[PDB]
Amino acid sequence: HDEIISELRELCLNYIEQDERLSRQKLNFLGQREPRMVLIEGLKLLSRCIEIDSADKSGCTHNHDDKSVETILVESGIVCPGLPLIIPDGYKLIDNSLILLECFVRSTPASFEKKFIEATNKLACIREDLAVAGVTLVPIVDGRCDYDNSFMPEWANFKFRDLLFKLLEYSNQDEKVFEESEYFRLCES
């Protein structure tokens, strides 16, 4: 397990592009010593790569600090009442128009379309609410089929995922050990 963590460390430092927007998540990842924490922070790191890549391709700002739509508008001096908690992956307030980005990765066409319609409807629910406040919603849904991005070579991305999986099977092993769970739950009843 320590060898896996060490391998994931070197891939992070040597094969993840030195973009400033990835720095914080790289450090969070590198600070983890516990296998399940390395796994979570590793998944979050790979996700940030994709989100940043999607923001760049969509011509908008990556939602670095996970601000909500309400927070985004407030900072630009726009008052918006009773709007759902939507945290976009990207955004850009340009003139009267608010670009909102939602990206995802789905491996099957069935799950891809289902998620595209969910993401489309999620952004669409705030259209009329924003228009009352004089804001024109520009909703972008970026659907992807793979976990590839411009910050990592294809082999490195694959190897990072292969190592995270090896780390997950060591964690799912502990989840299966919960044959002991049935005993202590029965020790209460």
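Residue positions are given as counts along the sequence shown, with the first one as 1.
In this entry, 174-182 shows the higher mean Cα temperature factor of the pair 10-18 and 174-182. Set 124-132 against 32-40 and average the Cα temperature factors; 124-132 ends up higher. Per the PDB record, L73 has a higher Cα B-factor than any other of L73, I117, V105, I99. Ranked against the other modelled residues of its chain, the C-alpha B-factor of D65 as given in the entry falls in the highest third.
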